[PDB]
Q: 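I have a structure I would like to understand better, so I am pasting it below and will then ask my questions one at a time.
Just the heavy atoms: all of them, side chains too, but no hydrogens, waters or symmetry mates, feed the values below. Order of the sequence lines fixes the chain letters, A, B, ..., with proteins taken first and strands second; residue numbering starts at 1 for each chain.
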Amino acid sequence: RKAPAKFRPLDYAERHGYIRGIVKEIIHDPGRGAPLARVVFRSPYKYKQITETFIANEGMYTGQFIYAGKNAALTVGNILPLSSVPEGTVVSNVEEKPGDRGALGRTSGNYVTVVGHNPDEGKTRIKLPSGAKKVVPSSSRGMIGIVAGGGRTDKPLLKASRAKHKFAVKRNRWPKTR
Amino acid sequence: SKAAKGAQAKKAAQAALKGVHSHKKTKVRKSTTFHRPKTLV
Amino acid sequence: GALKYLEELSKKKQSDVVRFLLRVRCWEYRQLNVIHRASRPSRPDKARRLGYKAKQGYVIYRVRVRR
Amino acid sequence: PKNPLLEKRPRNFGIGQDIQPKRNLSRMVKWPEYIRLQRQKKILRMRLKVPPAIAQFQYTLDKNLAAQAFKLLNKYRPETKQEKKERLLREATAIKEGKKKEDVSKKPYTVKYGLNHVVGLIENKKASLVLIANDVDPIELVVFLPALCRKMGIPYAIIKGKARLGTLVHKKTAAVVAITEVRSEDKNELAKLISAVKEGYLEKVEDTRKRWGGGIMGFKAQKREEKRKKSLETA
RNA sequence: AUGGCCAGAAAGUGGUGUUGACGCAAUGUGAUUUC
RNA sequence: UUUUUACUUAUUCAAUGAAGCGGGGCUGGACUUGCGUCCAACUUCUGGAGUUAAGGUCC
C-alpha cells in the first residue's frame, strides 16, 4: 500500500465549478478487493501537477477524463456533491461530512443510493449497502458508479492456502481457534 | 446627499477629536507561511 | 500605597471585576505553555509579601498543574 | 509607432484555466502563536461583558486636552542626573563656604510619580490633579484610583500612554502622575487645565462610567443576526 | 464513525485505520450428499 | 424562581501548503415588487501543452 484512497481536498474549484483530471493507471491494492484509479489533476495555484488515488468504479479506463466539482456532468467517474445528483442515482466513496474525503460504500460491488433531498435544511437522505437509512449534509461529495471488482465473494476460496494468502496481507487473525 | 454631508461632518469631528493619522500601512503577503526574520549573528 | 487596596480587592474573589479578570487570565494562561516565564508578577502585592523585589536576580515563572 | 512584433496574451484566472495570480493572503496567513494570542486576547476583551470599574478606562482624554495637559506638565519634569550632580556640587561648595544648602538651592516644583506616592498624596489631599494611564497591566493597580479620587474630591483624568507619562518622568513607563502645586506663573494655567478637565472629561464620563463595556458581536455573527432579523421581519 | 473491538497509570496517548457492510469483530458447526 | 429558544466567547471534533470565508459593488438570467430578493459568473470529442506577466497608462 502506497497512498490512501481519498478524494481531493475541498477547495474553490469543487465548491464553485469543476476541475478535470486524467486517469493514468488502474492498480491493484493489496488487502483491498477493489482496484484503485490513479488520477492526475492540475494545481490551480502552481505549475506542478498533483497525482491522486481514487477508488475505481466499474467501467473506468486509462486515459479517461473525469470531472470533479459542483458543475461537473453526470458521467461514470465524475465526483459530484449530493446536491447535484437526482433521485435514484447511486454513488460511491460518499463523505460523512464535507471534507473527510469519502467514507461510505468503499468496498467492491457496493454503492450508496440517494433516496431523498431536503433543500430547506440543506440535507440529503441516503440508503447504505447494509440497508441502513442515513441523513448526511447535501454538500458531501459522491462519485458516480458502483465500485469495480464485484462478484468477488461468489467464488469459493476452496483452500486453506487461499484463505492464508487472503488474510496474510489483511493482518486479520488467521487461523481462528475456538 | 444627506449621508454625504453627515459623513463629511463626522470626518471633521474625527479629525478634530483624534487627529489626522487615521491610516496605517500593512505589508502584503503573497504566501501564508511566516518565516523567522533573519537577524544579525 | 496601592498594595493595601490590592490586598483588600484580592480578598473579594467572587466580585464581578475579579471574576472577569480571573476568567480572561485563565484563558490566556491556558493558551500559553504549561511552564512559562512571566515578565512581571500578576499579583504584585502577593509577590511582595512573599519576598519578591524588583531587583535583578528575581524571576517569576507561571505554571499550571492538573488538579 | 509601436512594433507590430509585440502581441498581447491576456490570462483568464477562472477555474480550470491558467494559474491564479499571486494575491494578498494576509487575511489567511498562519501567524505565529504570540501574534495570534495577543489578537485573540484583544478580541475576547471586546466580546465579553466588561464590568464598569474596568470599562471606565475606555473613555480617555481627547487629543487637544491631552496636549494641553502635557504642555503644562512638560515644564515640571523631574531633575535629571546631570542637573542633580550640578546642584550637589553647588550645595557642597556652599557647605564648604559655611552656608546651608537652602541658601543656594530653591524649593523645587516637579510632577509627582510612583503609584504608592501618588496614592498617599491623594489620601492626604495634596494632589491638585491626577492623570492615570489607560493601559496598566495588571489593571488592579489603578482600578480603584478613579473611585479614590472621586471620594477625595481630586480632579482626575484617564490619559493614553504609560510610555507617554514615562517620557515626562524620565522613565520607560509611569502608571500615574500627579501635580500637588506649581509655580505662581503657572497657577493660572493649572487652574484653567483643572476646569477644562472638569467640564470636558468628568461631566462627559459621569454617566458612561457606570455602564458595562464589551458585548460587541463579531462581523460574521452580526451579518447572520441581521439576515435572521430581516427574514423574521419578511416572514 | 460523537461507532465497534482493544491497549495505556496518564497524556494535545496509541492500534484496528493507507479501514467503511462483497467490511470488521465475536461465536457455534465443520468438504460434498443427507438434514 | 422554573421552562424553551436561540447566540457564541469557554470547551470538543475535522481539514488545509491555514488560498479565495462573509458582506457589498459590476454583468447576465429569473421572478416578483413595480425594483428587492436568489443564482450564476470561470475550463466537457481527443492519454498534447500550460511555469520566468504579456500589455495599457502616468513618469
Side-chain angles (χ1 to χ4, degrees), chain C, chain D residues 32-57 113-124 130 132-133 136-149 151-152 162 171-173 175-176 178 210-215:
Chain C
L3 301 189
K4 185 60 182 167
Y5 298 88
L6 270 74
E7 179 200 349
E8 307 295 338
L9 191 60
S10 306
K11 289 182 178 179
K12 317 301 166 191
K13 288 188 175 62
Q14 293 179 356
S15 64
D16 306 281
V17 61
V18 175
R19 282 179 57 239
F20 172 78
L21 290 170
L22 283 175
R23 189 181 180 184
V24 296
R25 281 163 190 173
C26 198
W27 175 89
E28 183 178 1
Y29 303 157
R30 220 160 45 240
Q31 281 74 246
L32 280 160
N33 279 351
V34 164
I35 298 182
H36 61 271
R37 169 156 189 187
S39 65
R40 63 184 68 256
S42 71
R43 304 180 55 188
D45 54 307
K46 190 65 186 183
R48 178 153 300 270
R49 73 174 50 100
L50 291 184
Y52 172 83
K53 310 270 285 178
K55 179 192 304 189
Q56 285 163 339
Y58 282 82
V59 189
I60 300 286
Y61 261 81
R62 194 174 301 120
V63 57
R64 67 175 181 263
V65 287
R66 275 179 185 266
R67 59 188 312 200
Chain D
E33 281 178 347
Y34 81 105
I35 297 165
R36 172 158 67 255
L37 176 66
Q38 67 181 0
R39 291 177 184 175
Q40 261 162 15
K41 192 156 61 173
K42 174 81 179 305
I43 284 179
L44 186 68
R45 272 152 162 82
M46 294 183 287
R47 298 285 167 268
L48 300 183
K49 287 178 70 176
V50 188
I54 299 177
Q56 60 175 347
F57 287 84
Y113 62 108
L115 182 56
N116 303 334
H117 181 31
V118 174
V119 164
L121 292 164
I122 293 168
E123 288 167 349
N124 285 110
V130 176
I132 316 164
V136 175
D137 206 23
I139 198 61
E140 293 95 324
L141 290 160
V142 291
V143 74
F144 60 94
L145 258 186
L148 176 58
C149 289
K151 188 168 285 292
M152 277 304 123
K162 54 186 176 188
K171 307 291 170 301
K172 285 187 300 187
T173 289
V176 64
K210 316 174 188 178
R211 312 213 273 249
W212 281 66

Q: Inspect the surroundings of NZ in D/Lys171 and state if more than 12 heavy atoms from other residues, nucleotides or ligands are less than 6.0 Å away.
A: yes
Q: Distance check, rounded to the nearest 0.5 Å: C/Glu28 atom CD versus D/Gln38 atom CD?
A: 10.5 Å
Q: Name the one of C/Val18, C/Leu9, C/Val17 that satisfies side-chain contact (heavy atoms from CB on, under 4.5 Å) with D/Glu140?
A: C/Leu9
Q: Please classify the contact between C/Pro44 and chain D as side chain, backbone, both or neither, with a heavy-atom cut-off of under 4.5 Å.
A: side chain
Q: Please check if the number of heavy atoms outside C/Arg49 that lie under 6.0 Å from its CZ is greater than 12.
A: yes
Q: Shorter than 4.5 Å, heavy atoms on both sides: which option in D/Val142, D/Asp137, D/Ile54, D/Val118 has the most such pairs with chain C?
A: D/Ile54
Q: Quick check on the interface: out of D/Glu33, D/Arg36, D/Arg45, D/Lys41, who has the most heavy-atom pairs with chain C under 4.5 Å?
A: D/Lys41
Q: Considering non-hydrogen atoms only, spot the tightest contact between D/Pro138 and C/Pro41 and give its length.
A: CG-O, 4.2 Å
Q: Check whether any side-chain heavy atom of D/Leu48 sits under 4.5 Å from a side-chain heavy atom of C/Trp27, and report yes or no.
A: no
Q: Can you tell which part of D/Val143 gets under 4.5 Å to a heavy atom of chain C, answering side chain, backbone, both or neither?
A: side chain
Q: Report the distance from atom CG of C/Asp16 to atom NZ of D/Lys49, rounding to the nearest 0.5 Å.
A: 10.0 Å
Q: From C/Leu21 CG over to D/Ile139 CD1, what is the distance, rounded to the nearest 0.5 angstrom?
A: 8.0 Å
Q: Heavy-atom distances under 4.5 Å only: say whether C/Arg19 touches chain D with side chain, backbone, both or neither.
A: neither
Q: Who among C/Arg40, C/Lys4, C/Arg25 has the most heavy-atom pairs with chain D under 4.5 Å?
A: C/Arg25
Q: Give a yes or no on whether C/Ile35 atom CD1 has more than 12 heavy-atom contacts from other residues, nucleotides or ligands under 6.0 Å away.
A: no
Q: Ignoring hydrogens, what is the shortest heavy-atom contact between D/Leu141 and C/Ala2? Give both atom names and the distance.
A: O-CB, 4.3 Å
